[PDB]
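Chemist:
There are 2 protein chains.
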Amino acid sequence: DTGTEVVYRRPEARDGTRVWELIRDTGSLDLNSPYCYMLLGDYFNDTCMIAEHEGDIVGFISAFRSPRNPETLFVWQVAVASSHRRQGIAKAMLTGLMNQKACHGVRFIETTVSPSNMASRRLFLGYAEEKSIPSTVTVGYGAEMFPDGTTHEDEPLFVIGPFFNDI
Amino acid sequence: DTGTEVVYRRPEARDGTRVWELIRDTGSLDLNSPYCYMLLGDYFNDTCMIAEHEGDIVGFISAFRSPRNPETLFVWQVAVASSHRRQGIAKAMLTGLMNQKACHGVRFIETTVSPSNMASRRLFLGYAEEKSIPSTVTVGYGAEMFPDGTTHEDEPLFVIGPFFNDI
Ligand SMILES: CC(=O)NCC[C@H](N)C(=O)O
Ligand SMILES: CC(=O)NCC[C@H](N)C(=O)O
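Going down the list, the protein sequences come from chains A and B. Letter by letter, the first sequence follows residues 4 to 170 of the UniProt record's numbering. Letter by letter, the second sequence follows residues 4 to 170 of the UniProt record's numbering.
#1: Compute every distance between the C-beta of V116(A) and the non-hydrogen atoms of ligand 1, then say whether any falls below 6 Å.
#2: Are the Cβ atoms of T75(A) and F127(A) separated by less than 7 Å?
#3: Between which two residues does the beta strand (DSSP E) carrying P159(A) extend?
#4: Using only the alpha-carbon positions, how far apart do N48(A) and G30(B) sit?
#5: Using the Cβ count rule (16 or more neighbours within 10 Å means buried), how would you classify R12(A)?
#6: Between the region 84-91 of chain B and the region 51-61 of chain B, are three or more C-beta pairs nearer than 8 Å?
#7: Below 8 Å on the Cβ atoms is my guess for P37(A) versus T153(B); work out the distance and round it to an integer in Å.
#8: Sorted by chain position, which residues of the same chain lie with C-beta nearer than 7 Å to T114(B)'s C-beta, five sequence neighbours on each side aside?
#9: Please confirm whether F127(B) has its beta-carbon closer than 7 Å to some beta-carbon of chain A.
#10: Please decide whether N72(A) counts as near chain B, where near means a Cβ-Cβ distance under 7 Å.
#11: Taking 7 Å as the cut-off, decide whether the C-beta atoms of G99(B) and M52(B) are in contact.
#12: List in chain order: all unbroken beta strand (DSSP E) runs of 3+ residues lying wholly within the region 9-37 of chain B.
#13: Consult DSSP for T5(B) and reduce its assignment to one of helix, strand or coil.
#14: Leaving out five residues on either side along the sequence, give the residues of the same chain with a beta carbon under 7 Å from the beta carbon of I170(B).
#15: Which same chain residues end up closer than 7 Å to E156(B) when comparing Cβ atoms and leaving out the 5 residues on each side of it in sequence?
#16: Is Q80(A) near ligand 1 - that is, is its Cβ less than 6 Å away from at least one heavy atom of it?
#17: Judging by CA-CA distance, which residue of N102(B), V109(B), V22(B) is the nearest neighbour of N72(B)?
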């Protein structure tokens, strides 16, 4: 009611660079090219979300419906600017995302959560808990799959479901 | 017939790093994270292809079916190792890709070709020519959409079709 609440929308291609800058300043996230973020704004925007505060992007979530089993939504990246941690933005993006019309008929959410990303661990398990949906945590990608120089963590798989996301 | 022909297959998640290294050595391509290439091997592998020669990855093409209009296949990256230019690998990946069962019922191919990427300009317009399919070249992403520091070219849109890709 005073122009300082966080607002949520689908991205567009022209957001790509501002999304890229958010992911870049996070430091801790796996940065894709600016082009990749434009394509997500262009072709995957039905299953992605941006959070903004006072003209700045402060949050992003990317996801897609799995091409082979489109009842599975894969959540790719969740980012929240440093300056806006601990305000429920991640939970609000995820919740908003699942209420999008393009998530109709999703029965499982899959994602990968780095050991160090404790906020996401809480977001996904918390989501499932709150809606009383089963959750399963298993081996995802191991550290050793990543390039020799790099020093990447494991990416354990989190599966939420089965449930039925009705529109 | 002598173990030195180039071979073509769908990638898998565990190819992600070797794909990333190919894209990285290309220099000229927009490098995504290793994770992105793993996800393409994992979830989009039905519409992607790897080319190998003597145990080394020498080619990659990534593509996906557009979520909003799945009769459109978007071709994201086409890469051919420096050491294997001018051998028809790109044309063979593209041709192989379009013969995959997951490309059934595609009616349009969309992609973006950098002004400097003259091999891709030839690949896509050549493909359309050879199959007698219409092609259309229009404004895609402008240079100015890209991040301030970076020095990226335009990404003009190439649309091939309508046609009917029958299995
Ligand atoms: C759910 C989440 O936080 N997924 C993404 C992890 C991945 N390593 C990335 O940020 O690309
Ligand atoms: C068709 C092609 O060569 N597309 C990709 C261009 C893009 N800038 C990239 O390589 O990510």
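Even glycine gets a Cβ: it sits at the ideal position worked out from N, Cα and C.
Modeler: According to the structure shown:
#1: At least one heavy atom of ligand 1 is nearer than 6 Å to the Cβ of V116(A), so yes.
#2: Judged by their CB atoms, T75(A) and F127(A) are not nearer to each other than the 7 Å cut-off.
#3: Looking at the DSSP string, the run of the beta strand (DSSP E) that includes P159(A) is 158-163.
#4: Spanning the two alpha carbons is a distance of roughly 29 Å.
#5: Under this definition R12(A) is an exposed residue.
#6: With the cut-off at 8 Å, the region 84-91 of chain B and the region 51-61 of chain B touch.
#7: 7 Å between Cβ atoms; contact.
#8: Taking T114(B) as the centre and dropping the five residues before and after it, the same chain places the C-beta of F77, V78, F127, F161 closer than 7 Å to its C-beta, in chain order.
#9: Chain A, which has no Cβ nearer than 7 Å to the Cβ of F127(B), makes this no.
#10: Against chain B, the CB of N72(A) has no partner CB under 7 Å away; the residue lies outside that interface.
#11: Yes. Within cutoff.
#12: Taken in chain order, the complete beta strand (DSSP E) segments of 3 or more residues contained in the region 9-37 of chain B are 10-12.
#13: Of the three classes helix, strand and coil, the one that applies to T5(B) here is coil, per DSSP.
#14: Taken in chain order, the residues that qualify are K104, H107.
#15: Residues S117, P118, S119, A146 of the same chain have their beta carbon placed closer than 7 Å to that of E156(B), with the five preceding and five following residues left out of the count.
#16: At least one heavy atom of ligand 1 is nearer than 6 Å to the Cβ of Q80(A), so yes.
#17: Ranked by Cα distance from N72(B), the options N102(B), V109(B), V22(B) are led by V109(B).
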